[PDB]
Every structure is written in C-alpha cells, then in structure tokens.
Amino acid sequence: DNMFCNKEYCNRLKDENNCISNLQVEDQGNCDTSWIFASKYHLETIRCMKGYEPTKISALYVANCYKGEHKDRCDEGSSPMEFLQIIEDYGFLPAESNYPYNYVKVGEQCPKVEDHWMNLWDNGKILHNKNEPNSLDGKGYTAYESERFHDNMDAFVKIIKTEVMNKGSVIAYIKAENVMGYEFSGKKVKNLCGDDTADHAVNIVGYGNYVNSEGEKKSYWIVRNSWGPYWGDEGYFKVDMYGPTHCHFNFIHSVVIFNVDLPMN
C-alpha cells in the first residue's frame, strides 16, 4: 500500500495484486469522449480505494443518456461537471459489461436499464455540502488550474499528490496535440510546455522522481490516456511535472476531483 504510493513515489501499476492495477486501459476510438473516460476512471479508482471490485463503468451509457435538447456526443466533448449531472439525473450507473462501448454507438438512443444490470453508483452520493465560510463550495467537483498556481507550483503538485494517494487518481486536462509527437511512443519522461487552453481529459495516476537527460533531478507525473493499450507506454506516459523553464504554460492545464460519499465495501 504505502510502499507503492507515498509522498515521494506512487505507482500502483507495480502492485499487480491491487484493485487499481486491474483497471485496464480503454480505447475511446474516434469520438471526443475523453471527458467520460477520465471522469469514470476517477470514480473507478475512488471505488477501488473504498474496497469495491475493479468493475468498469459504462462510458457508452454516460455518452448517450442525458436530459434535454439533443447534443453532439461524438464530435464534441463536454466536462466532468456533466458526468456528475448525468449520475444525479439518472441515479443509476451501469457497467461496461452491460452496455459496452463502441465509438460508432456514441449518440444512439439511451438504452433501457435491464433488470440484471449492475448499478455501480448504489449507495453513492455526490457531496454538495456547504462547509467553508464562502458560497463557492458544494459543486460536487473541485477544479484547480496550473496557471492560477503559476507562482506556487509546489502547492499545485502537493494537492495533486494528496488526491492521487487518497482517491487513486485525479482527472487532468491537457491539449491533445501536445501528446501527438512521434516521441510519445517511448518510455522516456516527456518534457514540454502546455498551451493556453486544453481539450482532452486524462488521469494523473502516480508520480516519482527521476534524473533528466541533462543530469538534473526532476519529477514526473504518470498519466493515463484512453487511446488504448498500444498508445504511448502501454496506454500511459510520464511527463515532467514542472516542465521546461521557458514555458508560459504547464503541460497540465488543470485538474478536477470529485467529492463523493461512498461507504466502505
């Protein structure tokens, strides 16, 4: 447990006999549904931390089941907030095994929940507690932006490490173009700048220290993507936390955490 994930080093993929290592990488195909994959994986690791099985949430159900006017669910993404909204509106969260994802089905009619389907949100509550002395908490999610921590990156890193330890992951936003380089197919720690904006949700799932090719002591995030297990390094990659000095923007644009109440299993 602690030997695989502590303040200095965290890689739960190395503990083959634990829940999070059994959440296999998924392939979103050719729709812009990373918001669903990253959000549901964050809930999957939270469920692992609470003693539940590594049961995959149905990304397709979340894509296809929404209230109100028709949305463009393949060509355009959404946000983690909308993932939460779908959970609260429908109250039921089916398993991938019951309604399996194929990108060509993204946008089809929301399916009837069958009698034998598993609810992976049973006994689950999104928290909207008003605890702080201001009116801004209680959204069900909390977001932090690297640009707002420009002069306090140590705090940004600490917040993320704490959540990865406690919840098993955070949701992170990046610009997809930034991981498109030929070089992202290696096992090297990538080192690059982010952009002013982001458009693709991934998960930070771990971290560690390393020495870069210039002989400098540095640290990296371990990042999970949803482009299948043959992308990057078995579906994941490593990226320098602080990145190059000259960067206006960090590679990690922002992170999102879900605030939920879930009974231990």
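One-based numbering along the sequence shown.
Peer 1: Select between 30-38 and 47-55 the stretch whose C-alpha atoms have the higher average B-factor in the entry.
Peer 2: The recorded data point to 47-55.
Peer 1: Do the CA atoms of 160-168 or those of 135-143 have the higher mean B-factor in the entry?
Peer 2: So the stretch with the higher mean C-alpha B-factor is 135-143.
Peer 1: Between 96, 75, 115, 195, which one tops the list for Cα B-factor in this entry?
Peer 2: That would be 115.
Peer 1: Sort the modelled residues of this chain by their C-alpha B factor and say whether residue 66 lands in the lowest, middle or highest third.
Peer 2: Its C-alpha B-factor belongs to the highest third of this chain's values.
Peer 1: Can you tell me which third, lowest, middle or highest, the CA B-factor of residue 83 falls into for its chain?
Peer 2: Its C-alpha B-factor belongs to the middle third of this chain's values.
Peer 1: Tell me, lowest, middle or highest third: where does the Cα B factor of residue 218 rank within its chain?
Peer 2: Answer is middle: the recorded C-alpha B-factor places it there.
Peer 1: Splitting the chain's C-alpha B-factors into thirds, which one does residue 152 fall into?
Peer 2: Residue 152: CA B-factor falls in the highest third of its chain.
Peer 1: Looking at the C-alpha B-factor of residue 174, is it in the lowest, middle or highest third of its chain?
Peer 2: It belongs to the lowest third of the chain when residues are ordered by C-alpha B-factor.
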